[PDB]
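A.B. asks: Questions regarding the structure given below will be posed in turn.
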Amino acid sequence: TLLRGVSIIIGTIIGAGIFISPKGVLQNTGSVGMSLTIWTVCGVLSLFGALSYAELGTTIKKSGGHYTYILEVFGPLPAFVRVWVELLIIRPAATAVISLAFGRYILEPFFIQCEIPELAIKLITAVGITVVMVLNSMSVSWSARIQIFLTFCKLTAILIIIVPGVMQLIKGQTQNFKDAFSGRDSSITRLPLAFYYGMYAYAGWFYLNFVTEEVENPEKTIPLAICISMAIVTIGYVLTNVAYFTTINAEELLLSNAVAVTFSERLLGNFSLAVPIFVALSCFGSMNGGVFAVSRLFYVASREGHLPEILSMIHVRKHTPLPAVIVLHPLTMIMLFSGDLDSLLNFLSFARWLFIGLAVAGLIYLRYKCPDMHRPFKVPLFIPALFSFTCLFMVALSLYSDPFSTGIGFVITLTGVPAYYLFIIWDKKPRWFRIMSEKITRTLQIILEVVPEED
Amino acid sequence: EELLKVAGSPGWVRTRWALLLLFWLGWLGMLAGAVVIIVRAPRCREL
Ligand SMILES: N[C@@H](CCC(=O)O)C(=O)O
């Protein structure tokens with residue numbers, strides 16, 4: 001029935017973001033009650049967006065995922081800029097953030113009550129990235145036989161924080177909730193950063209292609225399943241956050257990092273055996289999936305001809321997405337070695353949420369112009385409009401906050417507009433191009449041992 | 001598919017061997033750098 005789909009949605013939207021967000025949320029909120037309100041509103045907005053994307057997937061029925069929605073409603077240029085930003089900002093920075101978290105969690109057992117000397121974080125992070133990328137390039141069968149174990153560990157990780165939080169709550173050691181909505185000022189300027197931190201826990205609602213043929217009875221299964229999935233995941237996340245707040249004071253969380261190991265130290269006894277290793281494995285699981293998704297992304301982008309066809313290319317035998325990992329790994333190295341978790345998250349979030357809000361904003365345009373596409377599920381007017389307006393407005397307000405961090409993302413996403421000359425030009429004059437590309441593309445294809453899938 | 005006949009030629013595999021060997025040497029070297037950073041790092045004065 002619909003249980004399998006609900007399970008897939010649950011396993012695709014949990015991620016390791018719940019172990020990264022709370023620190024930043026508290027940092028830019030300064031109040032426990034306001035932070036919990038931020039979690040709730042982010043969950044509600046995620047549910048609204050998920051409904052919008054379900055409507056988009058049902059109303060188009062064309063494969064391609066995030067590409068098709070933006071390309072169809074707006075045109076070629078927004079789609080090209082979307083792929084440009086996804087390749088240059090979104091995927092590398094998200095991978096770098098997840099990998100920094102994984103490195104900190106894996107180095108915590110060795111540094112029990114100390115500070116990890118920053119550089120070692122980057123080195124172990126990069127080693128983890130390299131091993132994950134070579135494993136993805138090693139095999140796809142063994143990269144899936146281990147995905148189930150990683151998902152099981154992801155399910156195990158949340159229980160390790162939920163159940164002891166339940167024990168603390170029932171015993172009622174909640175002295176930090178006397179004045180939940182008071183504390184540090186944390187003026188409105190930091191609200192976009194709080195919001196950005198808010199979504200990243202719910203990372204995995206987008207992508208997630210829902211073709212209207214796998215389900216038993218569509219147009220009721222997809223909305224109901226997605227609604228229940230977001231509802232229960234939001235309940236789990238708010239329970240996890242209040243469990244964190246049962247033991248960890250606001251100050252003990254603000255002047256600290258890797259909140260999971262601090263929780264384990266403050267609550268449990270023997271801790272390094274369970275909490276750091278399980279959370280590091282949970283962060284390891286998100287690593288494997290992203291490479292396959294970004295590799296898949298290139299497959300549909302080759303049809304329109306926005307990126308070189310070599311990016312959606314595959315190995316002759318021992319079929320792995322080899323050419324799509326060598327163009328993403330060095331970018332991840334650059335972000336992780338030249339960025340911080342506080343700044344990389346904003347750098348990725350600004351572009352990703354600007355473009356997701358723009359994509360959802362197309363629903364208003366699509367439903368106002370030409371309202372005849374045999375829409376299976378008719379999402380009401382207020383949901384996509386409210387989601388798009390809130391996302392666009394608060395992303396735009398995020399420029400005022402930390403401008404030196406999102407300025408690079410803004411100038412890159414504006415760099416795509418001039419970058420359309422790679423797609424339109426009078427004469428490339430191959431004295432300095434084309435012919436050199438022909439040598440380059442052939443050299444990479446020969447070196448990397450790649451042939452097209454079936455074309 | 002059938003067009004990668006020059007990959008199975010002498011010398012081309014030599015380039016692949018060299019590239020993979022340099023990549024692995026860099027990875028082991030940077031892992032050793034991480035290890036020496038950790039080991040030479042202070043040892044967490046006991047409580
Ligand atoms: N899914 C990743 C983000 C990168 C992506 O969009 O693929 C996460 O859970 O953080």
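FYI, nothing fancy with the structure tokens labels: chains A, B, ... in order, residues from 1 per chain, ligands from 1 as they appear.
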For ligand 1, list the contacting residues at 10 Å or closer, counting only C-alpha atoms and all ligand atoms, as number ranges by chain.
C.D. replies: A: 12-18, 20, 86, 90-99, 199-207, 283, 285-294, 345, 348, 352
A.B. asks: Could you build a table of the residues in chain B lying no more than 7 Å from chain A, giving for each the nearest pair of atoms and their separation in Å rounded to one decimal place, using only C-alpha atoms, ordered by chain and ascending residue number, as CSV?
C.D. replies:
```
residue,atom,partner,partner_atom,distance
B:1,CA,A:451,CA,5.2
B:7,CA,A:446,CA,6.1
B:16,CA,A:447,CA,6.5
B:30,CA,A:123,CA,6.8
B:31,CA,A:127,CA,6.7
B:34,CA,A:120,CA,5.3
B:37,CA,A:120,CA,6.4
B:38,CA,A:120,CA,6.8
B:44,CA,A:114,CA,5.9
```
A.B. asks: Which residue, A:232, A:424, A:397, A:344, has the smallest gap to residue 89 in chain A when you use only C-alpha atoms?
C.D. replies: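 Residue with the minimum atom-to-atom distance to residue 89 in chain A: A:344.
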A.B. asks: Near residue 160 in chain A, within 9 Å and counting only C-alpha atoms, which residues show up once chain neighbours fewer than 3 positions away are dropped, as a PyMOL selection string?
C.D. replies: chain A and resi 156-157+163-165+274-275+278
A.B. asks: Among chain B, which ones does DSSP assign to helix (DSSP H, G or I) (computed from the backbone)? Answer as a PyMOL selection string.
C.D. replies: chain B and resi 12-40
A.B. asks: Can you tell me how far CA of residue 362 in chain A sits from CA of residue 74 in chain A, in Å to one decimal?
C.D. replies: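 Computed distance, CA of residue 362 in chain A to CA of residue 74 in chain A, equals 7.5 Å.
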A.B. asks: Would you kindly return, as a PyMOL selection string, each protein, DNA or RNA residue with an atom no farther than 8 Å from any atom of residue 394 in chain A, considering only C-alpha atoms and excluding same-chain residues fewer than 4 positions away?
C.D. replies: chain A and resi 192+390+398
A.B. asks: The selected residues should be written to file as a tab-separated table (two decimals), in the first residue's frame (atoms: C-alpha atoms).
C.D. replies:
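What follows is the written file result37.tsv:
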```tsv
chain	number	residue	atom	x	y	z
A	192	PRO	CA	16.90	34.35	8.00
A	390	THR	CA	7.95	33.63	2.67
A	398	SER	CA	19.16	37.33	4.23
```
A.B. asks: Which residues, written as a ChimeraX atom specification, have at least one atom at most 10 Å from residue 58 in chain A, with only C-alpha atoms counted and residues fewer than 6 positions away on the same chain left out?
C.D. replies: /A:52,210-212,218-219,222,373-378
A.B. asks: I'd like to know which of A:84, A:393, A:19, A:69 is closest to residue 422 in chain A, using only C-alpha atoms.
C.D. replies: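 Looking at the shortest contact to residue 422 in chain A, the residue is A:84.
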